[PDB]
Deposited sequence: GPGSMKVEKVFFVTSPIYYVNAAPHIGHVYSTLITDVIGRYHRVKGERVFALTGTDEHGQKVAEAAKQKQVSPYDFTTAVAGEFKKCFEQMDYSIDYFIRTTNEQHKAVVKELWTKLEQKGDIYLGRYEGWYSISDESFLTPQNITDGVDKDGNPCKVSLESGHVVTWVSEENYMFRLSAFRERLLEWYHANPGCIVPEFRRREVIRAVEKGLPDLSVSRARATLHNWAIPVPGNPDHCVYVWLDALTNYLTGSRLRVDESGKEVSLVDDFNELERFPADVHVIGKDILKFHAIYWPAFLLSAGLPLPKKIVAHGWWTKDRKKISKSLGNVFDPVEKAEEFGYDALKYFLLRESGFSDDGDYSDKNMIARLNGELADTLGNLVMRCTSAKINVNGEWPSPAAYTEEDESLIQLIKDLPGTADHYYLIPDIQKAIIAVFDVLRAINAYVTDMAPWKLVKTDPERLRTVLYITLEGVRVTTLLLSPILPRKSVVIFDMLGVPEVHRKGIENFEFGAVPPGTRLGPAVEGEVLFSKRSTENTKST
């Protein structure tokens, strides 16, 4: 079925400034969105901030300022940071938005009408910092900031406290079998596979019911009132998850401002999300709670949840590192170095090794070679002569690359897509070295035509596929290659030979380098 490809990041708590973790999750969301745009699809990419709850309200109290002002100031910080990181996100959502609250109330009301909400009690541990309910098995002994003995979450290491409250309870226990059916019937719905196995293990053990409201005093009245009961507030996480449904129902003007909430999500053709990007820290909320809420309400479920390895004396500032090494380079590094296990070396030394090694030497040198006046004497795509077997071995690698990369982008596993494209770039370099086109200018012009054509076309296709990762630099490369705009996107242009011979290269500049090398100081 044809619809808008809907890709989301988590909405981030605004208790503190944005940092690398927030940027990384939103980068992944951005890359996925961008790849689907390049394929010619309609996309709606969504990020935002999670502004209610006890965590945020008590952070605003520490700063001695009103939650309203505090949340707006920090959300400002997020917005500015994401603008400066040069994403292409379609909307930024805030849970303090009035339309969002309307949607939270309608959803809540559906759960109640369905019979899946009753008045009960929660008596147990709670992590305010994770806004998470924990069983006694998930807490251990530790210290607080006053050095006194306390209890801490096994999940996150954060301080836990005992909560004994009359709360509205959601009948999560009744969604065990349907969730198990869903995981089993859609074995790609949670990525990577080992996190899918975790979720199934947990749900197999049994599910308790879930507190979805809290007494208003505990939350400092900084939350959404429960419809029909002003003494209770809606659980920050039920509120937070609904943002995906709210975003799917907002009409957004050119300015990026919400101008309307539609009654029915089908009108905008976004819901349910094709991909929810998250950190491992918030797996349970997205793979257990959220689909249970959707199942109760009669709403379609998401298609994929991808959980990366990060957690949503030493600092690594995203913008500070981008000014020094480059936005596109920094974004490449983050996506190249980081798998799903997240055992990443994020040092300056490794960043410089990849910039010099892969971007400068593998990609950059290749672009300069096939565009330089010394090799491409006529500043144009030449017409190839007959191909040798060695020529065709390379052409086949280039031909197969789009189908392979496409699969990786769709898992989604951006690291694997990047490695595959550089696998092909490495081969093109090896081919170029093998053919020494610098010599051929004299020896054999006809042969030089063939080699050059295959190289340009290899650089174009690899670059098209790397354009979601390197949005600005891909444009520079296409400019240099003289690739018309029509050919810079669309699945028609993954095909080998889409740019006809005779196409003229873009103009040159004296100092032009794509990625300049940096010393190993």
Where are the gaps relative to the deposited sequence?
1-6, 319-328, 538-542
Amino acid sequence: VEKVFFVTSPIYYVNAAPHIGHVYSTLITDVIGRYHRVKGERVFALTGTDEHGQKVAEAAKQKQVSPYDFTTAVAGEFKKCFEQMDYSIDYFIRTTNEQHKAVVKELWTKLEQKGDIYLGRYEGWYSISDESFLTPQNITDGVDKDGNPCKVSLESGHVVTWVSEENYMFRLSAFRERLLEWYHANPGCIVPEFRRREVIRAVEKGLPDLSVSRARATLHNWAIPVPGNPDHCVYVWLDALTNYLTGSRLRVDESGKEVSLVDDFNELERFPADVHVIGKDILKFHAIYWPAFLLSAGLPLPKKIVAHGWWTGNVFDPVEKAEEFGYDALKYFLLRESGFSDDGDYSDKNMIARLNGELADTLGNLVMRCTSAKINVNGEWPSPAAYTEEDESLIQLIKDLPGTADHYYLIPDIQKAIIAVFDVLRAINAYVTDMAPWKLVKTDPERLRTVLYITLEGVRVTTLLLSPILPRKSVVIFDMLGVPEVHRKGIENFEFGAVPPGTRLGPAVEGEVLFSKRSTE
From here on, numbers count along this sequence of modelled residues.
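Rigid core here is just the name for the largest C-alpha set that superposes within 1.5 Å across the two forms.
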Return whichever of 333-341 or 387-395 has the larger RMS Cα deviation from the displayed form in 9 other deposited structures of this protein, where every structure is aligned on the rigid core.
333-341
Core-fitted, the stretch whose Cα atoms sit farther from this form in 9 other deposited structures of this protein, 402-410 versus 342-350, is 342-350
Comparing 188-196 with 318-326, the higher average Cα temperature factor in the PDB entry belongs to 318-326
5-13 set against 506-514, stretch whose average Cα temperature factor tops the other in the entry
506-514
From the list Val459, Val31, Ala60, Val475, select the residue with the highest C-alpha B factor recorded in the entry.
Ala60
Going by the deposited entry, which of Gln137, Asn243, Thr404, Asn167 has the highest CA temperature factor?
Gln137
So where's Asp479 on the chain's Cα temperature factor ranking, which third?
middle
Would you check the entry's CA temperature factor for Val65 and let me know if it's in the chain's lowest, middle or highest third?
highest
On the chain's distribution of Cα B-factors, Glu358 falls within the third called middle
Could you say whether, by C-alpha temperature factor, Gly228 belongs to the lowest, middle or highest third of its chain?
middle
Ranking the modelled residues of this chain by C-alpha B-factor as given in the entry, is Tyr453 in the lowest, middle or highest third?
middle
